[PDB]
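# Results of the structural survey
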Amino acid sequence: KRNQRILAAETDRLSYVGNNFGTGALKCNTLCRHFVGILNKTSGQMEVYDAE
Amino acid sequence: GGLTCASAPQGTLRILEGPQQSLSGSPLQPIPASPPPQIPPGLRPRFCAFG
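Residues numbered from 1 in each chain as written, not as in the entry; some residues may be left out. Chains lettered and ligands numbered in written order. Part of a larger assembly, values for the part shown. Heavy atoms only, no water.

This entry lists cryo-EM as its structure determination method and reports a resolution of 2.7 Å.

As a further point, take the pattern of salt bridges. Residues and elements named next belong to chain A. Under the counting rule described, the total for this entry stands at one salt bridge over all chains. For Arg-33, the salt bridge identified is with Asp-50, shortest N-O distance 3.6 Å. Of the two residues, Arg-33 sits in the loop between β2 (15-19) and β3 (35-39) while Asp-50 sits in strand β4 (residues 46-50), which places them 17 residues apart along the sequence. Taking the relative accessible area as the measure of exposure, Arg-33 reaches 61% and is therefore exposed. Overall, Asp-50 belongs to the partly exposed group, its relative accessible area being 48%. (Salt bridge = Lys/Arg side-chain N within 4 Å of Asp/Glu carboxyl O. Helix = DSSP H or I, 4+ residues; strand = E, 2+ residues; numbered from the N terminus. Buried < 20%, exposed > 50% of the residue type's maximum accessible area, 1.4 Å probe, protein only.)

Residues and elements named next belong to chain A. Its boundaries defined by the atoms lining it, the largest pocket holds a volume of some 1,000 Å³. Top element by residues in the lining of the largest pocket is β3. It accounts for five residues. When the residues that make up the lining of the largest pocket are grouped by side-chain class, the tally is 13 nonpolar, six polar and three charged. What the second largest pocket holds in volume is close to 520 Å³. Elements with a contribution of two residues or more to the lining of the second largest pocket: β1 (6-10) and β2. In terms of residue class, the lining of the second largest pocket is built from six nonpolar, five polar and two charged. (1 Å grid on protein atoms, 1.4 Å probe; cavity = no way out; pocket = protein on both sides within 12 Å on 5 of 7 lines; lining within 4 Å. Points joined across faces, edges and corners; volume = space filled by probe spheres on them. Nonpolar A, V, L, I, M, F, W, Y, C, P; charged D, E, K, R; others polar.)

Printed below as a string of structure tokens:
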């Protein structure tokens, strides 16, 4: 029951919802693992953070 | 924790396992052909005509 999250977004006219689980979650969260690479072009460092 | 929209990403890294091909690319190893039928050694005329 941990690592189950819900993201919400409200515009000025319609609101949006997305789960991390259940019906509506993605199969690419389970069959793969995503990361975010922050690349400094000077130091050549790829700071890799985990992603959802 | 405002969670603003960041910019578009530059590109895409994609990590996946590569296969090893030091084995294949070798000369093929087929199944050896069965020999053609050869006459047995030591075949003699056993039947001699009567009288």
